[PDB]
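The chain contents come next:
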Amino acid sequence: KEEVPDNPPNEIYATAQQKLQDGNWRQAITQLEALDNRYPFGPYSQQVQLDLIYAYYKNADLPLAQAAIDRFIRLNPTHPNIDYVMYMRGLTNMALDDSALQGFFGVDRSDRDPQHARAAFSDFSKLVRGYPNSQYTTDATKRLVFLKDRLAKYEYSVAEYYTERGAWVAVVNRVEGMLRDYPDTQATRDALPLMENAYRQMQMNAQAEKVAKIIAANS
Amino acid sequence: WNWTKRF
Amino acid sequence: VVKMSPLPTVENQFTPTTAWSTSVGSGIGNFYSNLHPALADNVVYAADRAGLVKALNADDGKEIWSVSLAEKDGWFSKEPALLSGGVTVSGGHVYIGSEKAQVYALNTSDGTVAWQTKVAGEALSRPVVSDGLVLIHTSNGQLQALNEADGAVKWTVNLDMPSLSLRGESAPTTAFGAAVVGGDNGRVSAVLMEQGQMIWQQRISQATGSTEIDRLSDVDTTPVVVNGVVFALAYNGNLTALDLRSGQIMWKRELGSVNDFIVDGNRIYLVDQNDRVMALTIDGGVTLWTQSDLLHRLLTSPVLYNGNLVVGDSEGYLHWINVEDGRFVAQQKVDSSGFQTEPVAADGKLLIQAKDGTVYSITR
Amino acid sequence: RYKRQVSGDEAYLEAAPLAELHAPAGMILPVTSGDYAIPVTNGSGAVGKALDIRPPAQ
Amino acid sequence: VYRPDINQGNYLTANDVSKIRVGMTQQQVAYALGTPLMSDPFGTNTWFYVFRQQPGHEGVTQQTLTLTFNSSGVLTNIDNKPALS
Amino acid sequence: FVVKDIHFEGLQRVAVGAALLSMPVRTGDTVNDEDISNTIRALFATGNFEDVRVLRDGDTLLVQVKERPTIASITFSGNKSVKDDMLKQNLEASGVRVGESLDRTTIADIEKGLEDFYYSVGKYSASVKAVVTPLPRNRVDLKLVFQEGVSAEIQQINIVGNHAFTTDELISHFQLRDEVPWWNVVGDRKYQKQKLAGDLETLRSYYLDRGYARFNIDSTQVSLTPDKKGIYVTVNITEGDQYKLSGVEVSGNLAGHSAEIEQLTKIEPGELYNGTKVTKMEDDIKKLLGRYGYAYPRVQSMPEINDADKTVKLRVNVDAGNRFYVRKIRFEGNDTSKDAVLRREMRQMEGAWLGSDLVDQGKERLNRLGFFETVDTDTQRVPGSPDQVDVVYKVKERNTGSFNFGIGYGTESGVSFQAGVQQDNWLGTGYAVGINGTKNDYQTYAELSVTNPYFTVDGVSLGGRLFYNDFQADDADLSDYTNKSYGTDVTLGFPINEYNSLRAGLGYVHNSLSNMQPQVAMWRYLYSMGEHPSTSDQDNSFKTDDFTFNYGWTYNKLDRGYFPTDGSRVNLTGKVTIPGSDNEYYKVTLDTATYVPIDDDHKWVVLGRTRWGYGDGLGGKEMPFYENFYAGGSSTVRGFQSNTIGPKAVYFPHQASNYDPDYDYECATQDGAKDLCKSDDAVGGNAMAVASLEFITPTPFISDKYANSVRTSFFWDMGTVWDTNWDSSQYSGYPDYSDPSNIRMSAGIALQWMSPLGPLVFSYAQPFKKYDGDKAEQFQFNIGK
């Protein structure tokens with residue numbers, strides 16, 4: 001089990017590529033790991049490391065992947081195709097954020113831990129800034145938009161909960177924060193009424209009138 | 001006796 | 001786990017036989033204690049963990065008297081006295097230690113308690129009488145000297161105590177008004193009888209490396225003085241010869257143990273941690289003969305009897321070996337419960353005790 | 001397990017496009033601080049499941 | 001216990017509120033009372049030291065304290081009410 | 001000589017440029033022997049190579065470097081007590097991991113740490129060997145082989161210099177034990193370090209609670225036997241005298257609240273100096289200061305001891321800090337459970353002043369949730385702010401689903417089987433869904449329940465439950481009748497306080513009775529309902545559907561969940577069938593327990609059990625005969641057979657469908673019955689009253705060690721069950737079952753303890769006041785789940 005035959009490294013690379021194109025990711029991961037641990041820093045160790053990253057992603061071994069990209073970016077910080085490496089890091093974080101104990105069935109998981117979303121957003125932002133003319137920039141921007149919307153939705157969810165309980169100052173502060181940090185997202189449009197209601201309930205009307213005007217302007 | 005196994 | 005070596009297939013020439021076998025109050029059970037019988041004036045004094053002390057006849061083991069030192073408030077309340085300090089019948093009186101910091105002193109005739117005293121801590125070391133005083137080496141890193149008449153605390157001396165030690169305290173030995181003792185710390189120290197005046201202190205510990213728990217923590221067993229030269233041992237340490245006047249190292253051997261050793265003529269017989277009995281030369285510890293058939297059998301301190309070395313073992317077999325060459329001379333089974341504490345040999349009589357407390361007198 | 005197998009194929013390109021909140025006269029919404037501001041750039045590849053993530057040839 | 005004791009806003013001890021006066025700089029007011037939990041973000045220097053408090057089922061009691069700061073970073077008018085009204 | 005090139009022979013890991021720049025030398029610079037030695041030393045100090053050898057090949061320095069081998073793999077064999085995952089993690093902590101350079105020196109410290117760990121696990125004599133197997137291209141296979149030897153255990157926990165308290169009474173409360181009986185779960189004898197400090201702290205607290213203000217542990221010595229399988233722990237202490245509380249004075253910066261603080265710190269004259277009560281008063285002062293809006297109040301209670309009159313004076317210094325405001329609460333690690341499931345257990349509200357006790361309260365609620373294995377808190381500061389903080393919570397998600405299968409024994413249940421599968425967090429949304437099943441000697445039960453513990457933000461629970469219940473009254477020591485039923489109930493739960501809870505809900509139950517035994521009371525119920533079956537027939541059939549409104553109230557205040565010593569517990573349940581159902585009746589039950597302590601240590605206790613119950617039909621109908629109360633057995637009154645107490649069945653002259661010679665078959669005409677005949681078959685009345693006075697005392701014949709793990713008591717029980725609706729003077733030849741005066745009594749001795757097999761409860765009883773017809777049972781034993 002998980003034992004690769006002792007063959008020349010080129011043969012290992014060939015079988016790895018064949019199994020990668022076939023679809024069986026676990027066997028390719030085993031072959032790449034055997035190749036890497038059998039020839040420490042071999043003639044084409046960089047290609048082996050990149051194949052390891054890709055196979056770890058495909059198998060959905062996200063933490064082991066994350067470790068692989070960490071070690072690679074530590075080793076070589078100027079590899080021509082490092083942009084692909086940062087894209088892979090962003091995809092790893094986004095995937096980690098997208099987890100499911102039982103499965104993905106539209107629960108929308110928008111009020112779970114968002115740290116992975118923030119990390120993915122940061123990585124994609126750095127990628128798009130560094131290499132505006134990369135092949136992965138369009139996907140980076142689209143994923144950035146998606147992550148921004150998800151974070152705004154999380155903030156709106158917290159505001160909704162504190163509106164349910166009745167911590168009006170907390171609701172006002174949370175909605176103001178999500179207004180400062182995610183003005184463009186649609187969650188702000190649905191969250192502003194919560195802030196207006198919170199202002200109304202604390203016997204404050206001037207700010208309530210201002211928020212009502214804000215809501216009236218955009219609709 | 002009582003046995004529980006948290007799967 | 002190191003395996004217990006099998007018993008020896010040796011034909012005995014003389015068959016050991018028990019002159020008499022008496023029973024005591026369950027013995028020391030499984031606990032590691034120094035309680036052993038003591039023969040004096042043809043009388044055998046024995047004790048037990050529960051708090052029962054008996055004086056019996058040496059010739060045939062008839063009961064002369066018995067007293068239960070355990071306290072009891074009524075017919076329902078009774079706590080054990082936890083006697084774990086051996087017996088040192090000498091110059092009259094009977095001194096017994098305890099794990100409750102008590103030193104019981106009884107009378108030889110009938111056993112009425114002569115006096116009682118409170119000590120610094122647990123008193124495991126065998127009390128030693130000398131110059132009208134009784135020395136008790138406690139497990140609390142203290143050495144107390146009490147009066148032999150009224151049982152008052154004459155003086156105390158403080159010795160360092162490591163964090164992790166071996167469950168045993170060395171018995172001080174006295175000569176020419178100086179008592180030498182080895183504490184749990186790897187240092188042999190000599191003090192004066194009149195008061196707690198330190199004369200010299202020499203370390204004989206070996207292999208002080210490694211920084212862990214259960215390190216090479218050396219512990220002294222029983223220094224012995226002869227012709228102005230002290231001989232000391234230490235668990236995982238070095239069998240060392242020291243000068244009494246200044247505690248200067250004379251010669252060392254890289255072997256250690258916790259069981260006592262015997263010095264006879266010009267031969268030092270001892271047993272190592274791995275349960276190997278051997279004899280060394282007094283001059284420079286020159287190995288002469290070795291016997292390793294009883295490896296890891298938890299043998300007791302050896303005893304000299306008619307020029308033969310007698311040793312008990314955990315499984316309950318007593319082995320007699322020839323001192324001259326180290327070859328087995330006889331093997332006997334005396335008790336199934338096993339032998340843990342040291343035996344005694346005096347007035348041509350050999351007495352031993354087992355974990356069940358049974359007292360056995362071995363003819364030969 | 002497959003706790004992350006679904007993420008092998010993600011898609012989800014249908015998020016509603018972002019739109020800025022218009023400021024009514026007489027007040028200004030607080031400064032954005034640009035912490036999460038998304039830069040405007042256009043890449044050379046595709047987005048909708050067509051772009052490949054295979055390693056680059058060396 | 002049904003609902004716990006819900007507290008919101010800054011804590012105005014009813015004594016330090018009298019400590020403030022017209023003419024103190026923002027730093028001095030913050031020192032006297034403390035940084036406000038909420039403030040007006042729509043381009044106007046105004047602090048709200050709301051002291052909403054609810055001891056469970058007893059009933060919400062609030063003491064609003066509007067501290068408006070002029071364009072020069074100093075107080076212009078203290079207003080406050082101790083009842084919801 | 002001058003240098004112009006470095007070979008870097010055998011450099012596959014470290015880049016040539018990196019190695020070149022690592023050394024403090026540049027090409028084209030004069031190089032001497034001292035310079036060569038300095039470069040070699042610097043390269044060695046980089047921590048990347050194991051050997052450096054430089055050769056002067058021509059005019060260029062041939063720098064042959066033995067590179068640090070990479071960890072090809074680490075192999076462990078013989079770790080039967082420790083899983084290799086923890087060894088892997090420990091290796092990771094030291095930097096030794098597969099795919100990392102092996103320095104050949106730090107591995108020595110790693111194996112030292114492993115040996116220390118084995119010592120910590122109780123394997124003292126074990127041996128560890130970190131063998132290295134070379135592999136091509138300068139690879140290393142790290143074989144961490146070892147022999148675990150044999151574990152050590154504690155042999156004696158001895159305390160010296162103690163008086164007025166035996167060693168047994170003192171080493172009992174220790175988490176560290178020395179005598180662990182097989183027949184009683186008390187713990188292991190494995191020795192630890194932190195546990196020893198905890199036990200010394202427990203000893204300190206036990207001595208300080210009793211007034212010994214001068215208690216001080218002189219020292220503590222741990223020893224090992226030469227065989228290395230026995231620990232010996234000794235604790236040398238020095239106990240003082242019993243002091244008394246002279247008075248307490250509060251001083252410091254009280255924030256202008258001296259009156260309330262003084263009121264809280266009040267003491268009766270000449271009270272005993274209790275450290276626990278002193279700390280409770282300190283925490284009460286802390287709570288008072290925090291409630292007014294102080295985040296970090298400080299209370300330092302120093303006792304001044306005057307031996308002249310043996311008195312202690314408490315000087316308590318109070319110092320209220322500043323005010324902090326929580327800007328926002330964050331939760332980290334909850335990848336599955338949504339934010340609401342965690343942020344509704346928080347007693348601290350975001351956007352409000354800070355209270356540390358509130359944060360710890362919320363922490364304990366999150367711990368009691370059960371979803372999280374570990375939950376840590378961090379009151380982090382807001383950058384660039386004087387008095388604003390964020391209260392972060394870091395949680396490590398635990399598994400929730402679990403299936404269990406238990407089996408038990410008893411005299412009232414024969415052998416009981418139980419199984420089920422539960423999910424206490426459905427997709428991380430708080431909903432709990434479970435399937436349960438039980439098979440008794442006389443009944444079977446299958447249940448499927450789904451509950452939302454937070455239906456309203458306040459904490460009102462809403463649950464639903466579907467059940468299928470089969471009852472075989474023949475096996476339950478009762479008149480023969482089978483009852484198969486199924487139903488569904490939906491309930492709401494309102495919590496008032498921490499010691500009260502109301503439940504109110506609706507339910508629908510469909511019952512089907514079959515194989516019913518012709519008897520007077522059952523036929524009366526059937527006649528009232530509207531059906532008149534033939535007494536001769538033995539095989540009958542009936543079925544009904546009912547809608548019921550259920551209400552209940554439970555008040556629980558027991559100090560300890562297991563083996564209580566103090567507190568009350570009152571349960572009151574009731575139900576009424578709503579109009580529009582076949583049956584028309586109501587029922588109510590009320591069971592009470594009360595443990596009152598009589599001594600100071602809560603060792604001698606009095607338990608006042610009581611149980612009332614009454615039910616009746618509303619209109620002309622009758623309360624169903626399959627819902628009447630019961631008595632006797634082990635639960636209600638010991639010393640009687642299960643269900644025996646109460647009215648007995650009166651049989652009609654019926655012929656059994658199946659008959660065998662010499663068998664009664666319930667006074668069947670087949671046997672020869674031709675008229676009403678009374679029997680000993682209990683039927684169960686509709687009014688029950690039971691009481692029981694029990695005295696709990698410490699078990700006499702047992703070592704004072706683990707003497708609190710067995711509960712022994714003497715009980716006196718009274719009971720009576722009667723049928724109110726039994727027709728008056730219906731027959732002069734049978735006892736007036738409707739008379740409630742008939743009261744049965746019994747007295748006996750009971751024992752309980754937690755065996756490894758489960759909770760065992762033995763009882764021996766004598767029913768000295770049993771009435772005619774009651775079946776007598778004496779030795780009632782129950783082997784819990």
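Residues numbered from 1 in each chain as written, not as in the entry; some residues may be left out. Chains lettered and ligands numbered in written order. Heavy atoms only, no water. Residues with missing side-chain atoms left out of burial classes, pairs and counts.

Q: Lay out the overall build of chain C in plain terms, naming residues and giving numbers.
A: Secondary structure assignment for chain C yields 0 helices and 34 strands. Computed over C-alpha atoms, the radius of gyration of chain C comes to 20 Å, within 12% of the 21 Å expected from 2.2 N^0.38 for 364 residues, which places it in the range of a compact globule. Considering only C-alpha atoms, chain C reaches an extent of 60 × 50 × 40 Å along its principal axes. Considering only contacts within chain C whose residues lie at least 6 apart along the sequence, 44% involve residues at least 24 apart. Taken as a whole, chain C presents about 14500 Å² of accessible surface, with 49% of it coming from carbon and sulfur. (Helix = DSSP H or I, 4+ residues; strand = E, 2+ residues; numbered from the N terminus. Rg over C-alpha atoms; globule rule 2.2 N^0.38 Å. Contact = heavy atoms within 4.5 Å. Areas by Shrake-Rupley, 256 points an atom, 1.4 Å probe, with all protein chains shown as cover.)

Q: An account of the packing of aromatic side chains is needed here, citing residue identities and associated values.
A: Here the structure, examined in full by the defined rule, presents 57 aromatic pairs over all chains. When the centroid spacing of 5.1 Å and the interplanar angle of 80° are considered together, the rings of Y182 of chain A and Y36 of chain D count as edge-to-face. Taken as a pair, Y182 of chain A and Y36 of chain D share a single burial class, namely buried. Taking the centre distance of 6.0 Å and the plane angle of 70° together, the rings of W726 of chain F and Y731 of chain F count as edge-to-face. You can call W726 of chain F buried: its relative accessible area is 10%. What links up through ring pairs into an aromatic cluster is the set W183, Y409, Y706, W753, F762, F779 and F781 of chain F. (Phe/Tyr/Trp six-rings, centres within 6.5 Å; stacked < 30°, edge-to-face > 60°. Buried < 20%, exposed > 50% of the residue type's maximum accessible area, 1.4 Å probe, protein only.)

Q: Give a description of the interface of chain E and chain A that names residues and reports values.
A: Listed per partner, the contact involves 17 residues of chain E and 17 residues of chain A. Broken down by class, the residue content of the side of chain E that touches chain A amounts to 9 nonpolar, 6 polar and 2 charged. (Nonpolar A, V, L, I, M, F, W, Y, C, P; charged D, E, K, R; others polar.)

Q: Residue-level account of the pattern of salt bridges, with values.
A: Proximity of charged atoms lets side chains of opposite charge pair with each other. Considering all chains together, one arrives at 52 salt bridges over all chains under this definition. A salt bridge links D111 of chain A to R112 of chain A; the nearest nitrogen and oxygen atoms lie 2.8 Å apart. On the accessibility criterion, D111 of chain A (13% relative accessible area) is buried. A relative accessible area of 5% means that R112 of chain A is categorised as buried. Linking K190 of chain F and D188 of chain F is a salt bridge whose minimum nitrogen-to-oxygen distance equals 3.2 Å. Judged by its relative accessible area of 33%, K190 of chain F falls in the partly exposed class. One continuous salt-bridge network, built from bridges that share partners, spans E155 and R174 of chain A together with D339, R343 and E350 of chain F. (Salt bridge = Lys/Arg side-chain N within 4 Å of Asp/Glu carboxyl O.)

Q: Requested: an account of the sheet that holds strand 21 (residues 229–232) of chain C, with residues and values cited.
A: All names here are of chain C. Overall, antiparallel pairing links the 4 strands, which are arranged 20-21-22-23 in an open sheet. Taken across any chain shown, the strands that pair with only one partner, and hence form the sheet edges, are strand 20 (224–226) and strand 23 (249–253). Strand-to-strand twist of the sheet, defined as the mean angle between neighbouring strand axes without regard to direction, takes the value 20°. Relative to strand 23, strand 22 (residues 239–243) is paired through 4 bridges, and the arrangement is antiparallel. Directly across from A241, in strand 23, lies its bridge partner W251. (Pairing = 2+ DSSP bridges. Axes fitted to C-alpha atoms, helices over the stretch in contact; angles between N-to-C directions.)

Q: An account of the sheet that holds strand 27 (residues 289–291) of chain C is needed here, citing residue identities and associated values.
A: Residue and element names in this part refer to chain C. Spatially, the 4 strands line up as an open sheet ordered 24-25-26-27, and their pairing is antiparallel. Because the sheet does not close on itself, it has two edges, and the strands there are strand 24 (262–264) and strand 27. For this sheet the average axis-to-axis angle between neighbouring strands, irrespective of direction, equals 20°. In this structure, strand 26 (residues 277–281) lies alongside strand 27, joined through 3 bridges in antiparallel fashion. Paired with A279 across the strands is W289, a residue of strand 27.

Q: Any details on the pairing of strand 22 (residues 482–497) of chain F? Residues and values, ideally.
A: All names here are of chain F. Pairing between strand 21 (residues 461–472) and strand 22: 12 bridges, direction antiparallel. Looking across to strand 22, one finds that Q472 is bridged to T482. Judged from the 15 bridges that link them, strand 22 and strand 23 (residues 500–514) form a sheet pairing that is antiparallel. Across the sheet, residue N483 finds its bridge partner in strand 23, namely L513. What sits between strand 22 and strand 23 in their antiparallel hairpin is a turn of 2 residues.

Q: Report on the side chain of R68 of chain F, specifying residues and quantitative values.
A: Residues and elements named next belong to chain F. Among the structural elements, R68 can be located in the loop between strand 2 (60–67) and strand 3 (70–77). We note that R68 is buried and unpaired, the nearest opposite charge coming from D103 at a distance of 4.9 Å. A distance of 2.5 Å separates the side chain of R68 from the backbone oxygen of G47, its partner in a polar contact. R68 has contacts with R13, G47, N48, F49, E50, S101, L102, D103 and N138, leaving out every residue within four places of it along the chain. (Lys, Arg positive; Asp, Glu negative; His and termini not counted. Polar contact = N/O pair within 3.5 Å; in protein donor to acceptor, adjacent residues only side chain to side chain.)

Q: Talk me through helix 2 (residues 33–45) of chain F; I want residue IDs and the actual numbers.
A: Residues and elements named next belong to chain F. The terminal C-alpha atoms of helix 2 lie 18 Å apart, and with 13 residues this matches the ideal 18 Å at 1.5 Å per residue to within 8%. Within helix 2, the full set of buried residues consists of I36, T39 and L43. Taken around the axis of helix 2, the buried residues stretch over an arc of 65°, which confines them to a single face. Counted as exposed and oriented over 90 degrees from the buried face of helix 2: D33, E34, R41 and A45. Structurally, helix 2 contributes buried residues whose contacts are with helix 1 (16–22), strand 1 (49–57) and strand 2. Positive backbone phi, approximately 65°, marks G47, located one or two places after helix 2. (Expected span 1.5 Å × (residues − 1). Arc of directions from axis to C-beta.)

Q: Hey, could you go over the interface of chain D and chain A for me, with residue numbers and the actual values?
A: Taken together, the contact between chain D and chain A spans 39 residues of the former and 59 residues of the latter. Taking both sides of the interface into account, the surface hidden between chain D and chain A amounts to around 4600 Å²; carbon and sulfur atoms contribute 63%. If you look at where chain D meets chain A, you find 1 salt bridge. When the shortest N-O distance is used, the salt bridge between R143 of chain A and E10 of chain D registers 3.5 Å. The residue inventory of the side of chain D that touches chain A, partitioned by class, reads 21 nonpolar, 11 polar and 7 charged. (Buried area = accessible area lost by both parts, 1.4 Å probe.)

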